[PDB]
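Undergrad: my complex, first installment, coordinates as in the assembly:
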Amino acid sequence: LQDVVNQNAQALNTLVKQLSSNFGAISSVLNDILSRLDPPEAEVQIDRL
């Protein structure tokens, strides 16, 4: 019984920590890339995220 809880918690934790990944974007927070790139150059960055 503890293993199902542990596995679900681990899957959720890795899903959450995947928001820290760049995937090649200049930054991982969408707000800052949006606030410092004009749309025609921010779309290409957001697409990678």
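TA: Happy to help now that I have it. Residues are numbered from 1 along each chain as shown, chains lettered A, B, ... in the order given.
Undergrad: which one is the most centrally placed residue in chain A nearest to, not counting chain neighbours?
TA: Nearest to the mean C-alpha position of chain A, counting by C-alpha atoms, centre = their mean, stands residue A:19 at 2.6 Å. Nearest residue to residue A:19 in three dimensions, chain neighbours excluded: residue A:28, at 7.1 Å (C-beta to C-beta, 6 or more residues apart in numbering). Every residue, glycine included, has its C-beta placed from N, CA and C.
Undergrad: check the secondary structure at that neighbour for me.
TA: Put simply, residue A:28 is coil when judged by DSSP: H, G, I helix; E, B strand; the rest coil.
Undergrad: throw chain B on there as well:
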Amino acid sequence: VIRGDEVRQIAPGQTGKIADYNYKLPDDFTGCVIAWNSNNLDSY
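TA: Placing chain B onto the earlier chains gives this:
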């Protein structure tokens, strides 16, 4: 007619005095741009 520098600014998603105050192209512009010197014809 455009004279002087900034002649290359006529393009989608370009910045500069001409592109921002004189002539701005849309982001998804679908078309061609043509230019040639015209000193013989247009030379205040």
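Undergrad: could you check how far the residue nearest to the centre of chain A is from residue A:12?
TA: Applying C-beta to C-beta, to the nearest Å, the value for residue A:19 to residue A:12 is 12 Å.
Undergrad: what's the burial count for the nearest residue to residue B:17 once chain neighbours are set aside?
TA: Spatially, and ignoring its direct neighbours in sequence, residue B:17 is nearest to residue B:6 (6.7 Å; C-beta to C-beta, 6 or more residues apart in numbering or on different chains). Number of residues near residue B:6 (other C-beta atoms under 10 Å in any protein chain shown) recorded here: 14.
Undergrad: let's add chain C too:
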Amino acid sequence: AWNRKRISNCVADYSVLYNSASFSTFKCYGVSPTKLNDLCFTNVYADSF
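TA: Following on from the chains above, chain C is added here:
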């Protein structure tokens, strides 16, 4: 022997440099020229040569 001036702890209005036509070329990578007036930075280096 290009010089390096470090500028910090000041309010830096970039609009004058963006709008002034005295510059032959003002091209930059990473951040857009028109939103520089709103971002905040740690420090800036001016390498002039």
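Undergrad: in light of the added chain C, please revisit the neighbour count of residue B:6.
TA: The local packing count at residue B:6 equals 15, with neighbours defined by other C-beta under 10 Å.
Undergrad: the one 10 residues further on too?
TA: Burial measure for residue B:16: 15 neighbouring residues, criterion other C-beta under 10 Å.
Undergrad: list the contacts of the residue lying closest to it once chain neighbours are set aside.
TA: Nearest-residue entry for residue B:16: residue B:9, 4.5 Å, with adjacent residues in sequence omitted and distances by C-beta to C-beta, 6+ apart. When contacts are counted by C-beta atoms under 8 Å, 6 or more residues apart in numbering or on different chains, residue B:9 touches B:15, B:16, B:18, B:19.
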